[PDB]
Asks: 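Have a look at this one before I ask anything.
The figures that follow rest on heavy atoms only: side chains count, while hydrogens, waters and symmetry mates do not. Atoms within a ligand are numbered from 1 in the order they appear, just like the ligands themselves. Each chain gets a letter, A, B and so on, in the order the sequences are listed, and its residues count up from 1.
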Amino acid sequence: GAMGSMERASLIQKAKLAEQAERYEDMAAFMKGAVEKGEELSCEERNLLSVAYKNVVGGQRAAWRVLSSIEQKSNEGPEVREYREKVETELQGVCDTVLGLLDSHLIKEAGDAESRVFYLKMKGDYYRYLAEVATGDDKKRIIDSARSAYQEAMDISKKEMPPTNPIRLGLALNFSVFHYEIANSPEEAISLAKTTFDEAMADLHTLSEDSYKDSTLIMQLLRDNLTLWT
Amino acid sequence: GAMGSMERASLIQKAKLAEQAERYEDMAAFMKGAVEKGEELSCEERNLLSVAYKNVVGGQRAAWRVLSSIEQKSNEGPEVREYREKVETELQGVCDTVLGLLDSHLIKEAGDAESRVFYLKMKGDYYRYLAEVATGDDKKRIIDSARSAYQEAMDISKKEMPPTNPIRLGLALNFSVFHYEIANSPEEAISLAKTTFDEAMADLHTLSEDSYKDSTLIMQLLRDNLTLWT
Amino acid sequence: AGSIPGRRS
Amino acid sequence: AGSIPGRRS
Ligand SMILES: *Cc1ccc([N+](=O)[O-])c(OS(C)(=O)=O)c1
Ligand SMILES: *Cc1ccc([N+](=O)[O-])c(OS(C)(=O)=O)c1
Ligand SMILES: [Ca+2]
Ligand SMILES: [Ca+2]
Ligand SMILES: [Cl-]
Ligand SMILES: [Cl-]
């Protein structure tokens, strides 16, 4: 642990500064250091961890897609493939790092529904990113690992959270994207998005104005996908 | 040299791929490797080197400004200063790397006006970025190093290039910014921008349609600054 | 098809 | 006050 000499609270403070400075690799390293202190993460701290790694892997995924597209056009010297492979290996390394933090030991210590669902959704997301670049022998096993994590998160969220809970909504959104983009199950994606949207709409009447805004924001993303898929 | 085993042409190819993928740190490392092969750079290759490092240092400068602003507000724990210092040291390291490539041995081998002016403008720019964060003992010497590099570039460009040449125009633009932002000489900045713009306008009649577009693009940046400064 | 953007705390 | 953007080849 390169962050081992820094106080937990200082790592969290610096992760917030790094977000403001748009230094997402720094953010991720600070939050990794905070996780490695061994204490559970608060709601805000979980969000910082997720935002940091989502930005890091988001940049890698965008670059991988650019290079993969150039490579595929060239297959219609070794440099394009070599550089795509380098970016791919870097991306896989970040996903493995996130999955390692979840496995050592965030998930096993997460007893509340909000934390456990949050971490299992992350686990599904990072296996999904591995699946986007996977080809042979373990592509099926990677896909099943994403599916299994999302499914456990879904089972807990349906029993323990209201249908408008933003984490429950984002989990359903991302699982529907998994179905559409990874599992070649567009009908399952559409059905999940529709049922999620409808059950959320029926629960909006229970919410404060601020919660209503939080939930409808994510509901619009579900509707956006349904518009694209139908 | 970590790029020492890769062919020069492959480093250049990968720098172009890295630009398309918006992987500017990779771009810079590839172009550093190409420079370290020891051959002179073509016009296109000089542009790749400049674009790569300008993006890297541009991100660092933006982050440094965010953190410096937070730090100054807090002076109206040590974490903000510590993190600003870390970013500052990283930025200084990139500037020192660029300046080292220019000194070993790009400038000494650059005999044509286009290459020599290009590299001396870069030298001025990277000392200017050092000056933006410099405080004590050597801040004056850093400023004079930027001034000296820009001045030599200006002397060559006035003797060897037409007033509409895009490198001559961008050099004048950046030297005017040096005067305004670093040297506390706003009148010199305004006079340089005005004279540069006027002499370019009088030379536009000699240009093709494509050259006209190149020159007027940079002239608009001069006018934009003059509007801000007057 | 968009997942949660999730890029801003 | 803007210098050359210079971020795109
Ligand atoms: C997975 C997820 C869904 C929804 C939300 N949210 O409503 O903010 C989050 O949190 S965040 C700030 O990372 O986008 C995560
Ligand atoms: C310093 C400079 C001025 C103008 C131009 N240009 O006209 O393209 C350049 O080249 S670039 C592609 O780096 O912006 C440099
Ligand atoms: Ca617990
Ligand atoms: Ca020469
Ligand atoms: Cl402690
Ligand atoms: Cl060779």
Side-chain angles (χ1 to χ4, degrees), chain A residues 77-79, chain B residues 1 3-16 18-20 24 27-28 30-31 33-58 98 102 104-129 146 149-150 152-154 156-157 160-178 192-193 196-197 200 203-204 207-208 210-212 214-225, chain D residues 2-7 9:
Chain A
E79 287 86 357
Chain B
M3 290 306 168
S5 67
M6 206 184 303
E7 288 275 17
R8 190 184 187 280
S10 299
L11 290 165
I12 296 299
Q13 188 177 351
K14 290 184 186 174
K16 289 167 195 193
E19 181 176 25
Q20 294 177 90
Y24 293 106
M27 209 171 163
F30 289 138
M31 288 307 308
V35 168
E36 289 173 353
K37 299 300 177 179
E39 305 267 29
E40 301 187 23
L41 300 196
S42 71
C43 177
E44 178 171 10
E45 295 163 354
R46 294 192 292 272
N47 283 319
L48 290 170
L49 177 71
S50 179
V51 165
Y53 278 108
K54 183 87 64 213
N55 272 279
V56 172
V57 84
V98 173
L102 295 167
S104 301
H105 299 273
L106 289 172
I107 288 171
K108 76 174 45 76
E109 290 311 335
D112 292 356
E114 313 97 83
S115 60
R116 191 168 190 82
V117 171
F118 191 94
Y119 292 137
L120 288 168
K121 176 186 168 179
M122 311 181 50
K123 181 172 184 176
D125 285 343
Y126 287 86
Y127 275 114
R128 170 163 58 89
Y129 306 150
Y150 283 136
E152 190 188 335
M154 285 283 300
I156 299 165
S157 75
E160 302 298 340
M161 311 145 162
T164 47
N165 177 280
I167 291 323
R168 178 170 169 182
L169 290 176
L171 163 67
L173 177 72
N174 283 12
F175 197 15
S176 75
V177 169
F178 167 83
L192 177 56
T196 300
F197 183 98
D203 193 70
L204 291 175
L207 301 183
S208 70
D210 289 336
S211 291
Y212 182 90
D214 291 339
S215 297
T216 56
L217 186 90
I218 304 169
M219 287 169 69
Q220 177 72 234
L221 305 178
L222 288 162
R223 207 73 227 171
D224 287 345
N225 284 345
Chain D
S3 60
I4 295 263
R7 305 290 211 73
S9 73

Asks: Taking atom CG of B/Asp125 and atom CG of B/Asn174, what is their separation to the nearest 0.5 Å?
Replies: 4.5 Å

Asks: Among pairs that include at least one residue of residues 106-118 of chain B, which meet salt bridge (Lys or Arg N to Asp or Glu O under 4.0 Å), considering only residues two or more places apart or in two chains?
Replies: B/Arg116-B/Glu152

Asks: Which atoms of ligand 2 have any heavy atom of B/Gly170 under 4.0 Å away?
Replies: 3 (C)

Asks: Any side-chain to backbone donor/acceptor pair from B/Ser50 onto B/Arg46? Under 3.5 Å, distance only.
Replies: no

Asks: Applying side chain to side chain donor-acceptor pair (under 3.5 Å), name anything that partners B/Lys14, two or more places apart in sequence or on another chain.
Replies: A/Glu82

Asks: Please answer whether the main-chain N or O of D/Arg7 pairs with a side-chain N or O of B/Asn55 as donor and acceptor at a distance below 3.5 Å.
Replies: yes

Asks: Does B/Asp214 come within less than 4.0 angstrom of ligand 2, counting non-hydrogen atoms of the residue?
Replies: no

Asks: Using a cut-off of 3.0 Å, how many protein N, O or S atoms sit around the Ca ion (ligand 4)?
Replies: 3

Asks: My understanding is that only residues two or more places apart in sequence, or in another chain, count here; which of them pass side chain to side chain donor-acceptor pair (under 3.5 Å) with B/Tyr126?
Replies: none

Asks: Near B/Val51, which atoms of ligand 2 are under 4.0 Å from a heavy atom of that residue?
Replies: 13 (O)

Asks: Roughly how far, to the nearest 0.5 Å, is CG of B/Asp214 from OG of B/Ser208?
Replies: 8.0 Å

Asks: For B/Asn225 and B/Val177, indicate whether the former's side chain and the latter's backbone hold a donor-acceptor pair under 3.5 Å.
Replies: no

Asks: To the nearest 0.5 Å, how far apart are OG in B/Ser176 and CG in B/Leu222?
Replies: 6.0 Å

Asks: List every atom of ligand 2 that sits less than 4.0 Å from any heavy atom of B/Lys121, numbering the atoms from 1 in the order shown and giving each element.
Replies: 1 (C), 2 (C), 3 (C), 15 (C)

Asks: Please list, in number order, the atoms of ligand 2 under 4.0 Å from a heavy atom of B/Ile218.
Replies: 4 (C), 7 (O)

Asks: What are the atoms of ligand 2, with element, lying closer than 4.0 Å to any heavy atom of B/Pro166?
Replies: 3 (C), 4 (C), 7 (O)

Asks: Any donor and acceptor pair, going by atom type alone, linking the side chain of B/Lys16 with main-chain N or O of B/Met27 inside 3.5 Å?
Replies: no

Asks: Given B/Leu169, B/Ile167, B/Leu173, identify the one with the heavy atom nearest to atom 5 (C) of ligand 2.
Replies: B/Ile167

Asks: Near D/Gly6, which atoms of ligand 2 are under 4.0 Å from a heavy atom of that residue?
Replies: 14 (O)

